[PDB]
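Below you'll find only one chain, the form deposited in one PDB entry, shown as C-alpha cells.
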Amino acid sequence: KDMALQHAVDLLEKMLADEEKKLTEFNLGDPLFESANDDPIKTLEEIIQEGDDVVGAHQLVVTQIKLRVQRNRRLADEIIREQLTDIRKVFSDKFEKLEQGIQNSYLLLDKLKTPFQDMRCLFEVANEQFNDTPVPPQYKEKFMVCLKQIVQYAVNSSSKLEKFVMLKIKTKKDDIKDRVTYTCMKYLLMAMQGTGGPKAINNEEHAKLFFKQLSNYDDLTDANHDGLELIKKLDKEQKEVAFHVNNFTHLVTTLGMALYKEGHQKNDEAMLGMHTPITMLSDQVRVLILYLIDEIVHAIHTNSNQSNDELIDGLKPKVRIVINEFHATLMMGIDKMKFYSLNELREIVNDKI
C-alpha cells in the first residue's frame, strides 16, 4: 500500500494476530475445564464472622480460596492480553506520527532541487557576475554576446548535474523510509519478545499445594489457619504480576519513546546529508561562471581577429570538461567538502587538451 511505513504497519498486524492466537491455545498442565464458579467472594471479615464452628469455617475457607485463585488468574490473563492491546496502541500511534513526519521530510528534501531545475541557477549567477565584472567599455558588447551564448551552451550541457541532485534527493527519501522502517521493525520485535507476563503465580501454587495436603492436617484448626493466611495473601498485590507489569510497561514505553524521536532523527540525518553535495554544486556553478568570464575576456583581449562564433566554439569543449570534472567529483560522494579554484579548473582543462 501507499504508506511510507506500510511494511512496519503490516508486521505489527501480523505479530499481534499470531500472538492473540497463542493466548487461547491449550498448553500442557492446563485443566480440561477452567473453574467458573458463580458464588460471590466474601471479605476476610465476613468469613471470620460466619465461621462459628471449625467445620463450617473449613467449608467456607476452601471454597473462598478457590473462588479467589479463579479471580486472580482471570485478572492475570486479562493483563497478558492488555500487553498486546498496549503494543497496538503505542506502536500504531508512533507509526502514524513517524509517517506524518516522513512525508514532511520528503517535501523538505524536494525543495532542495528548485534552484537546479533546468539548471536555471546558471542564468541567475551569470546575470549577477556579468553585472559585477568590470570590462573596458570597448569590450563590453562582445563580452555580453559571447558570455550569453556559452552560458546557454553550459546550461544545455549540464543536465547530469541536475539529474545528480534529483538522484541524491531520491536517495535520502529512500534512506529515511528504509531506516525508519528497519527501526520500527526492530523495536516491534523487542516488544513482542517481552510479552508473556509470568506463567506461574506464587499464591496459586500455594493454594495447589494447600489443597494437596488437606488430608495430612491432623487438626482442622491448623488447616483453617493456613487457609485463612492464604486468603490474606490472595487479596494482596501479586508480587510477580506487579514485577512484570512494571517491567513490561518500562519496556514498551521506552521503545515507544525511542521511536517518537526516530523520525525527527532520520529527517535531520537526511537534511544534514544533503548539505555537502548541494553546497559543493552551488559553489561549482558559481566557479564555472567565473572561469568562463575570465576565459572570454582573455580571448577578447588576446584574439580580436577571430569571430564571436570561433571564440564561443573554442570554449565549448572547456565547458564540457569542467562539467564532467564537477560531475565525477560529486558522484564520489566523499562528504569531504571540496571547492575549486580557477587555477584548478585551468589545469584540468589544459590537461584534457
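All residue numbers refer to positions in the sequence shown, first residue = 1. Basically, rigid core = biggest C-alpha set you can superpose within 1.5 Å across the two forms.
Per the PDB record, of the two stretches 330 to 338 and 18 to 26, 18 to 26 carries the greater mean B-factor over its C-alpha atoms.
Relative to one another, 271 to 279 and 225 to 233 have unequal mean CA B-factors, and 225 to 233 is the one with the higher figure.
Within the listed group 197, 101, 256, 137, the record reports its top CA B-factor for 197. Taking only the listed residues 46, 325, 313, 295, the entry reports the highest CA temperature factor at 46. The PDB entry assigns residue 210 a C-alpha temperature factor belonging to the highest third of its chain's modelled residues.
In this PDB entry, the Cα temperature factor of residue 142 sits in the bottom third of its chain's modelled residues, the lowest group.
Residue 301: CA B factor in the middle third of modelled residues in this chain (values from the PDB entry).
Placement of the Cα temperature factor of residue 58 within the chain: highest third of the modelled residues, per the deposited record. Sort the chain's modelled residues by C-alpha temperature factor and residue 219 lands in the highest third, per the entry.
Although it is not shown, the form deposited in another entry is what the next lines describe.
With the rigid core aligned between this form and the one not shown, the listed residues 146, 84, 121, 274 include just one Cα displaced by at least 2 Å, namely that of 84. A displacement of less than 2 angstroms separates the C-alpha positions of residue 284 between this form and the one not shown, with the rigid core held in common.
After superposition on the rigid core, the Cα atom of residue 220 is displaced by 2 Å or more between this form and the one not shown.
After superposing the rigid core, the Cα of residue 169 is displaced by less than 2 Å between this form and the one not shown.
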